[PDB]
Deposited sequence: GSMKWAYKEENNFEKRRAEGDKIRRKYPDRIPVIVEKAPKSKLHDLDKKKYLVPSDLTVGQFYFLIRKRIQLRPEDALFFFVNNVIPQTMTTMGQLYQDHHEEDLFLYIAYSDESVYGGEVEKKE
């Protein structure tokens, strides 16, 4: 999967922003959210989120679903589906990339 955010911004640009966000938002987790390319679901135009580190994956599903519009929704992070009760702070620690961002893909199929 290629991420529009990464096609638009090279590593220098992403890491510079990740450095700044981590300094100014210690309490929050930066997340880039994009649709798996072959999913029939609606594509998300607003893809950059700063979420409380104590928010859980399941709370994030609820908020993202609210922006995506009978269909199943699954998150993939580094090719695994996270547990809904995991906090976004823990998910970030385990899954963030070296630009200091967390990338979550979503699809209608497991």
> Given the full deposited sequence, which segments carry no C-alpha coordinates?
Replying inline: 1 to 2, 72 to 74, 116 to 125
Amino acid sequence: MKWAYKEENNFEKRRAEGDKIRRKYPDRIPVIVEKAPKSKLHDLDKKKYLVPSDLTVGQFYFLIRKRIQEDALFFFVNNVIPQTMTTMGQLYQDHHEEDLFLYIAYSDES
From here on, numbers count along this sequence of modelled residues.
>> Which is higher on mean Cα B factor in this entry, 5 to 13 or 90 to 98?
In response: 5 to 13
> On average, which has the higher Cα B-factor in the deposited entry, 80 to 88 or 37 to 45?
Replying inline: 37 to 45
> Which one, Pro30, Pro52, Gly58, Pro26, has the peak C-alpha temperature factor per the PDB entry?
Replying inline: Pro26
